[PDB]
Amino acid sequence: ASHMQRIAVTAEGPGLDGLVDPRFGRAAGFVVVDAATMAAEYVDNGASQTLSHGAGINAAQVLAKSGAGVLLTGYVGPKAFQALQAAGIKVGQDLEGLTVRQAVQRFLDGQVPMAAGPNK
């Protein structure tokens with residue numbers, strides 16, 4: 001099942017100080033962090049990027065497998081959003097321009113509204 005304190009953040013590559021990837025289904029990967037801990041791992045999303053369609057569905061399935069309960073990102077389309085809701089994952093949007101560390105910190109500080117629908 002999804003664990004609320006496992007926060008996935010779309011990422012352009014590994015590391016807490018890299019920027020959040022504005023894209024979801026075709027992100028390079030996800031930095032997944034335990035809010036307490038803070039232990040982190042990098043989950044590669046290369047498989048989703050090779051697909052002609054259904055990348056956000058595949059990415060949502062990658063996240064459900066990691067047990068993530070929150071996803072922080074820039075943009076997410078309709079089918080990806082539905083797949084995330086289906087998996088029980090809360091979505092934070094519009095986080096491009098932040099580092100991964102900063103997005104998790106803004107989320108924890110209550111500064112990230114959970115999204116009600118896709119924004120693209």
# chains A, B, ... in the order shown; residues from 1 in each chain; ligands from 1
>>> residues_around(residues="residue 25 (chain A)", least_positions_apart="6", cutoff="6 Å", atoms="only C-alpha atoms", output="PyMOL selection string")
chain A and resi 55-56+59
>>> write_last_selection(atoms="N, CA and C atoms", output="compact mmCIF listing (two decimals), in the first residue's frame")
# COMPACT_ATOMS: atom_id res chain seq x y z
N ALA A 55 2.93 6.80 -20.81
CA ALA A 55 4.08 7.02 -19.93
C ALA A 55 3.66 7.37 -18.49
N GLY A 56 2.60 8.15 -18.32
CA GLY A 56 2.17 8.56 -16.99
C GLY A 56 1.48 7.45 -16.24
N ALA A 59 4.47 5.38 -15.13
CA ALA A 59 5.16 6.05 -14.05
C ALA A 59 4.38 5.91 -12.74
>>> residues_around(residues="residue 81 (chain A)", least_positions_apart="5", cutoff="7 Å", atoms="only C-alpha atoms", output="ChimeraX atom specification")
/A:76,117-118
>>> write_last_selection(atoms="C-alpha atoms", output="PDB file, in the first residue's frame")
ATOM      1  CA  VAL A  76       0.564  16.000 -14.829  1.00  0.00           C
ATOM      2  CA  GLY A 117      -7.065  17.665 -10.984  1.00  0.00           C
ATOM      3  CA  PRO A 118      -4.496  17.598 -13.778  1.00  0.00           C
TER       4      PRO A 118
END
>>> residues_around(residues="region 31-48 of chain A", least_positions_apart="6", cutoff="9 Å", atoms="only C-alpha atoms", output="number ranges by chain")
A: 4-11, 13-16, 25, 54-59, 62-63, 66, 68, 71, 100, 104, 108
>>> select_by_dssp(residues="chain A", states="strand (DSSP E or B)", output="JSON, numbers by chain")
{"A": [3, 4, 5, 6, 7, 8, 9, 10, 11, 19, 20, 29, 30, 31, 32, 33, 34, 40, 41, 42, 43, 44, 68, 69, 70, 71, 72, 90, 91, 92, 99, 114]}
>>> residues_around(residues="residue 67 (chain A)", least_positions_apart="3", cutoff="7 Å", atoms="only C-alpha atoms", output="PDB file with N, CA and C atoms, in the first residue's frame")
ATOM      1  N   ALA A   1       0.845  -1.241   0.000  1.00  0.00           N
ATOM      2  CA  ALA A   1       0.000   0.000   0.000  1.00  0.00           C
ATOM      3  C   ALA A   1       0.864   1.269   0.000  1.00  0.00           C
ATOM      4  N   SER A   2       0.231   2.419  -0.239  1.00  0.00           N
ATOM      5  CA  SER A   2       0.937   3.707  -0.226  1.00  0.00           C
ATOM      6  C   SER A   2       1.179   4.189   1.208  1.00  0.00           C
ATOM      7  N   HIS A   3       2.393   4.653   1.477  1.00  0.00           N
ATOM      8  CA  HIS A   3       2.770   5.165   2.778  1.00  0.00           C
ATOM      9  C   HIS A   3       2.919   6.676   2.686  1.00  0.00           C
ATOM     10  N   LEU A  63       5.661   4.217  -9.187  1.00  0.00           N
ATOM     11  CA  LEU A  63       5.446   4.816  -7.868  1.00  0.00           C
ATOM     12  C   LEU A  63       4.617   3.968  -6.901  1.00  0.00           C
ATOM     13  N   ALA A  64       3.581   3.298  -7.388  1.00  0.00           N
ATOM     14  CA  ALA A  64       2.774   2.453  -6.528  1.00  0.00           C
ATOM     15  C   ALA A  64       3.651   1.323  -5.997  1.00  0.00           C
TER      16      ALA A  64
END
>>> atom_distance(atom1="CA of residue 69 (chain A)", atom2="CA of residue 52 (chain A)")
26.8 Å
>>> select_by_dssp(residues="region 18-87 of chain A", states="helix (DSSP H, G or I)", output="VMD selection string")
chain A and resid 46 to 49 55 to 66 78 to 86
>>> write_last_selection(atoms="N, CA and C atoms", output="PDB file, in the first residue's frame")
ATOM      1  N   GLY A  46      13.482   5.444 -16.784  1.00  0.00           N
ATOM      2  CA  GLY A  46      13.897   5.290 -18.198  1.00  0.00           C
ATOM      3  C   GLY A  46      12.898   4.534 -19.062  1.00  0.00           C
ATOM      4  N   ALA A  47      12.259   3.520 -18.476  1.00  0.00           N
ATOM      5  CA  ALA A  47      11.267   2.697 -19.164  1.00  0.00           C
ATOM      6  C   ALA A  47      10.089   3.494 -19.679  1.00  0.00           C
ATOM      7  N   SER A  48       9.551   4.378 -18.836  1.00  0.00           N
ATOM      8  CA  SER A  48       8.431   5.225 -19.231  1.00  0.00           C
ATOM      9  C   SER A  48       8.750   6.136 -20.424  1.00  0.00           C
ATOM     10  N   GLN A  49       9.956   6.694 -20.452  1.00  0.00           N
ATOM     11  CA  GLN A  49      10.399   7.586 -21.523  1.00  0.00           C
ATOM     12  C   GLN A  49      10.440   6.959 -22.928  1.00  0.00           C
ATOM     13  N   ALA A  55       2.934   6.796 -20.807  1.00  0.00           N
ATOM     14  CA  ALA A  55       4.079   7.016 -19.930  1.00  0.00           C
ATOM     15  C   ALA A  55       3.656   7.371 -18.490  1.00  0.00           C
ATOM     16  N   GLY A  56       2.596   8.153 -18.324  1.00  0.00           N
ATOM     17  CA  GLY A  56       2.169   8.557 -16.989  1.00  0.00           C
ATOM     18  C   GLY A  56       1.481   7.447 -16.245  1.00  0.00           C
ATOM     19  N   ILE A  57       0.768   6.591 -16.973  1.00  0.00           N
ATOM     20  CA  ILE A  57       0.261   5.340 -16.418  1.00  0.00           C
ATOM     21  C   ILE A  57       1.411   4.427 -15.958  1.00  0.00           C
ATOM     22  N   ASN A  58       2.443   4.281 -16.777  1.00  0.00           N
ATOM     23  CA  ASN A  58       3.588   3.475 -16.358  1.00  0.00           C
ATOM     24  C   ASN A  58       4.319   4.054 -15.156  1.00  0.00           C
ATOM     25  N   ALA A  59       4.475   5.375 -15.132  1.00  0.00           N
ATOM     26  CA  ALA A  59       5.158   6.054 -14.046  1.00  0.00           C
ATOM     27  C   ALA A  59       4.378   5.915 -12.741  1.00  0.00           C
ATOM     28  N   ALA A  60       3.047   6.029 -12.822  1.00  0.00           N
ATOM     29  CA  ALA A  60       2.177   5.843 -11.663  1.00  0.00           C
ATOM     30  C   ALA A  60       2.341   4.443 -11.069  1.00  0.00           C
ATOM     31  N   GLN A  61       2.459   3.436 -11.942  1.00  0.00           N
ATOM     32  CA  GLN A  61       2.716   2.051 -11.525  1.00  0.00           C
ATOM     33  C   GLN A  61       4.101   1.861 -10.906  1.00  0.00           C
ATOM     34  N   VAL A  62       5.120   2.525 -11.444  1.00  0.00           N
ATOM     35  CA  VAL A  62       6.433   2.537 -10.811  1.00  0.00           C
ATOM     36  C   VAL A  62       6.346   3.089  -9.365  1.00  0.00           C
ATOM     37  N   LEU A  63       5.661   4.217  -9.187  1.00  0.00           N
ATOM     38  CA  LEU A  63       5.446   4.816  -7.868  1.00  0.00           C
ATOM     39  C   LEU A  63       4.617   3.968  -6.901  1.00  0.00           C
ATOM     40  N   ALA A  64       3.581   3.298  -7.388  1.00  0.00           N
ATOM     41  CA  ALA A  64       2.774   2.453  -6.528  1.00  0.00           C
ATOM     42  C   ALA A  64       3.651   1.323  -5.997  1.00  0.00           C
ATOM     43  N   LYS A  65       4.527   0.790  -6.854  1.00  0.00           N
ATOM     44  CA  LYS A  65       5.514  -0.239  -6.473  1.00  0.00           C
ATOM     45  C   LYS A  65       6.544   0.202  -5.444  1.00  0.00           C
ATOM     46  N   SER A  66       6.902   1.482  -5.443  1.00  0.00           N
ATOM     47  CA  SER A  66       7.808   1.988  -4.415  1.00  0.00           C
ATOM     48  C   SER A  66       7.088   2.329  -3.088  1.00  0.00           C
ATOM     49  N   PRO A  78      -4.304  14.200 -17.606  1.00  0.00           N
ATOM     50  CA  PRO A  78      -5.524  13.571 -17.047  1.00  0.00           C
ATOM     51  C   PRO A  78      -5.413  12.087 -16.687  1.00  0.00           C
ATOM     52  N   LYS A  79      -4.845  11.284 -17.572  1.00  0.00           N
ATOM     53  CA  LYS A  79      -4.793   9.858 -17.316  1.00  0.00           C
ATOM     54  C   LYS A  79      -3.780   9.533 -16.212  1.00  0.00           C
ATOM     55  N   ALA A  80      -2.652  10.246 -16.215  1.00  0.00           N
ATOM     56  CA  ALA A  80      -1.659  10.090 -15.167  1.00  0.00           C
ATOM     57  C   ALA A  80      -2.253  10.478 -13.823  1.00  0.00           C
ATOM     58  N   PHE A  81      -2.963  11.607 -13.778  1.00  0.00           N
ATOM     59  CA  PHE A  81      -3.601  12.046 -12.544  1.00  0.00           C
ATOM     60  C   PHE A  81      -4.582  11.003 -11.996  1.00  0.00           C
ATOM     61  N   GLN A  82      -5.408  10.430 -12.872  1.00  0.00           N
ATOM     62  CA  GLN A  82      -6.377   9.393 -12.469  1.00  0.00           C
ATOM     63  C   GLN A  82      -5.678   8.147 -11.911  1.00  0.00           C
ATOM     64  N   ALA A  83      -4.602   7.736 -12.583  1.00  0.00           N
ATOM     65  CA  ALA A  83      -3.791   6.613 -12.152  1.00  0.00           C
ATOM     66  C   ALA A  83      -3.158   6.854 -10.766  1.00  0.00           C
ATOM     67  N   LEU A  84      -2.646   8.064 -10.514  1.00  0.00           N
ATOM     68  CA  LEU A  84      -2.134   8.454  -9.179  1.00  0.00           C
ATOM     69  C   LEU A  84      -3.194   8.446  -8.067  1.00  0.00           C
ATOM     70  N   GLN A  85      -4.364   9.012  -8.346  1.00  0.00           N
ATOM     71  CA  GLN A  85      -5.492   8.953  -7.432  1.00  0.00           C
ATOM     72  C   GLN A  85      -5.854   7.490  -7.157  1.00  0.00           C
ATOM     73  N   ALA A  86      -5.988   6.694  -8.235  1.00  0.00           N
ATOM     74  CA  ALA A  86      -6.267   5.257  -8.125  1.00  0.00           C
ATOM     75  C   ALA A  86      -5.261   4.573  -7.188  1.00  0.00           C
TER      76      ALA A  86
END
>>> residues_around(residues="residue 74 (chain A)", least_positions_apart="5", cutoff="10 Å", atoms="only C-alpha atoms", output="PyMOL selection string")
chain A and resi 9-10+20-24+91-98+119-120
>>> atom_distance(atom1="CA of residue 105 (chain A)", atom2="CA of residue 30 (chain A)")
16.0 Å
>>> decode(residues="region 18-38 of chain A", atoms="N, CA, C and O atoms", output="PDB file, in the first residue's frame")
ATOM      1  N   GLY A  18      19.431  18.540  -6.923  1.00  0.00           N
ATOM      2  CA  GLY A  18      19.029  18.739  -8.322  1.00  0.00           C
ATOM      3  C   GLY A  18      17.618  19.304  -8.373  1.00  0.00           C
ATOM      4  O   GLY A  18      16.894  19.234  -7.396  1.00  0.00           O
ATOM      5  N   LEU A  19      17.203  19.829  -9.522  1.00  0.00           N
ATOM      6  CA  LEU A  19      15.897  20.476  -9.651  1.00  0.00           C
ATOM      7  C   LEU A  19      14.796  19.461  -9.828  1.00  0.00           C
ATOM      8  O   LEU A  19      15.047  18.398 -10.360  1.00  0.00           O
ATOM      9  N   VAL A  20      13.573  19.805  -9.422  1.00  0.00           N
ATOM     10  CA  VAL A  20      12.453  18.966  -9.779  1.00  0.00           C
ATOM     11  C   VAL A  20      12.231  19.019 -11.308  1.00  0.00           C
ATOM     12  O   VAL A  20      12.354  20.093 -11.954  1.00  0.00           O
ATOM     13  N   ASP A  21      11.994  17.850 -11.882  1.00  0.00           N
ATOM     14  CA  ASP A  21      11.655  17.730 -13.296  1.00  0.00           C
ATOM     15  C   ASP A  21      10.232  18.262 -13.440  1.00  0.00           C
ATOM     16  O   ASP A  21       9.344  17.756 -12.766  1.00  0.00           O
ATOM     17  N   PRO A  22       9.990  19.261 -14.327  1.00  0.00           N
ATOM     18  CA  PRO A  22       8.614  19.738 -14.525  1.00  0.00           C
ATOM     19  C   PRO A  22       7.656  18.669 -15.064  1.00  0.00           C
ATOM     20  O   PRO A  22       6.452  18.847 -14.997  1.00  0.00           O
ATOM     21  N   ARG A  23       8.184  17.568 -15.583  1.00  0.00           N
ATOM     22  CA  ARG A  23       7.334  16.575 -16.212  1.00  0.00           C
ATOM     23  C   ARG A  23       7.169  15.392 -15.309  1.00  0.00           C
ATOM     24  O   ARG A  23       8.015  15.120 -14.444  1.00  0.00           O
ATOM     25  N   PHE A  24       6.061  14.696 -15.489  1.00  0.00           N
ATOM     26  CA  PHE A  24       5.783  13.531 -14.664  1.00  0.00           C
ATOM     27  C   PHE A  24       6.042  12.196 -15.370  1.00  0.00           C
ATOM     28  O   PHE A  24       6.980  11.491 -15.023  1.00  0.00           O
ATOM     29  N   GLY A  25       5.215  11.846 -16.357  1.00  0.00           N
ATOM     30  CA  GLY A  25       5.317  10.540 -17.014  1.00  0.00           C
ATOM     31  C   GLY A  25       6.659  10.285 -17.663  1.00  0.00           C
ATOM     32  O   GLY A  25       7.141   9.143 -17.682  1.00  0.00           O
ATOM     33  N   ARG A  26       7.271  11.361 -18.154  1.00  0.00           N
ATOM     34  CA  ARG A  26       8.535  11.304 -18.870  1.00  0.00           C
ATOM     35  C   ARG A  26       9.684  11.963 -18.089  1.00  0.00           C
ATOM     36  O   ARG A  26      10.719  12.331 -18.680  1.00  0.00           O
ATOM     37  N   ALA A  27       9.519  12.098 -16.769  1.00  0.00           N
ATOM     38  CA  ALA A  27      10.639  12.462 -15.895  1.00  0.00           C
ATOM     39  C   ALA A  27      11.776  11.464 -16.035  1.00  0.00           C
ATOM     40  O   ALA A  27      11.552  10.278 -16.291  1.00  0.00           O
ATOM     41  N   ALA A  28      13.011  11.915 -15.846  1.00  0.00           N
ATOM     42  CA  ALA A  28      14.167  10.977 -15.820  1.00  0.00           C
ATOM     43  C   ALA A  28      13.994   9.908 -14.707  1.00  0.00           C
ATOM     44  O   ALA A  28      14.363   8.739 -14.871  1.00  0.00           O
ATOM     45  N   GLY A  29      13.417  10.327 -13.584  1.00  0.00           N
ATOM     46  CA  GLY A  29      13.244   9.459 -12.443  1.00  0.00           C
ATOM     47  C   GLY A  29      12.590  10.216 -11.305  1.00  0.00           C
ATOM     48  O   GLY A  29      12.095  11.334 -11.491  1.00  0.00           O
ATOM     49  N   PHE A  30      12.608   9.596 -10.125  1.00  0.00           N
ATOM     50  CA  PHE A  30      11.960  10.111  -8.920  1.00  0.00           C
ATOM     51  C   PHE A  30      12.914   9.931  -7.782  1.00  0.00           C
ATOM     52  O   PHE A  30      13.455   8.843  -7.592  1.00  0.00           O
ATOM     53  N   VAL A  31      13.136  10.998  -7.033  1.00  0.00           N
ATOM     54  CA  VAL A  31      13.808  10.886  -5.758  1.00  0.00           C
ATOM     55  C   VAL A  31      12.701  10.634  -4.737  1.00  0.00           C
ATOM     56  O   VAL A  31      11.790  11.449  -4.582  1.00  0.00           O
ATOM     57  N   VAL A  32      12.765   9.481  -4.079  1.00  0.00           N
ATOM     58  CA  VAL A  32      11.770   9.079  -3.096  1.00  0.00           C
ATOM     59  C   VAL A  32      12.362   9.256  -1.694  1.00  0.00           C
ATOM     60  O   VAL A  32      13.399   8.675  -1.400  1.00  0.00           O
ATOM     61  N   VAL A  33      11.713  10.051  -0.849  1.00  0.00           N
ATOM     62  CA  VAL A  33      12.275  10.380   0.478  1.00  0.00           C
ATOM     63  C   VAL A  33      11.312  10.014   1.596  1.00  0.00           C
ATOM     64  O   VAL A  33      10.096  10.189   1.471  1.00  0.00           O
ATOM     65  N   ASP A  34      11.865   9.498   2.689  1.00  0.00           N
ATOM     66  CA  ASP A  34      11.086   9.209   3.875  1.00  0.00           C
ATOM     67  C   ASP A  34      11.078  10.470   4.728  1.00  0.00           C
ATOM     68  O   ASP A  34      12.131  10.861   5.249  1.00  0.00           O
ATOM     69  N   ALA A  35       9.905  11.100   4.862  1.00  0.00           N
ATOM     70  CA  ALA A  35       9.758  12.391   5.570  1.00  0.00           C
ATOM     71  C   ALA A  35      10.386  12.384   6.978  1.00  0.00           C
ATOM     72  O   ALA A  35      10.881  13.402   7.461  1.00  0.00           O
ATOM     73  N   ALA A  36      10.324  11.229   7.620  1.00  0.00           N
ATOM     74  CA  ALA A  36      11.080  10.921   8.827  1.00  0.00           C
ATOM     75  C   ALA A  36      11.273   9.426   8.706  1.00  0.00           C
ATOM     76  O   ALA A  36      10.373   8.690   9.159  1.00  0.00           O
ATOM     77  N   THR A  37      12.403   8.924   8.169  1.00  0.00           N
ATOM     78  CA  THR A  37      13.809   9.447   8.244  1.00  0.00           C
ATOM     79  C   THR A  37      14.261  10.932   8.254  1.00  0.00           C
ATOM     80  O   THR A  37      13.777  11.673   9.125  1.00  0.00           O
ATOM     81  N   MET A  38      15.122  11.433   7.343  1.00  0.00           N
ATOM     82  CA  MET A  38      15.003  11.516   5.870  1.00  0.00           C
ATOM     83  C   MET A  38      15.920  10.687   4.934  1.00  0.00           C
ATOM     84  O   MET A  38      16.776  11.232   4.232  1.00  0.00           O
TER      85      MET A  38
END
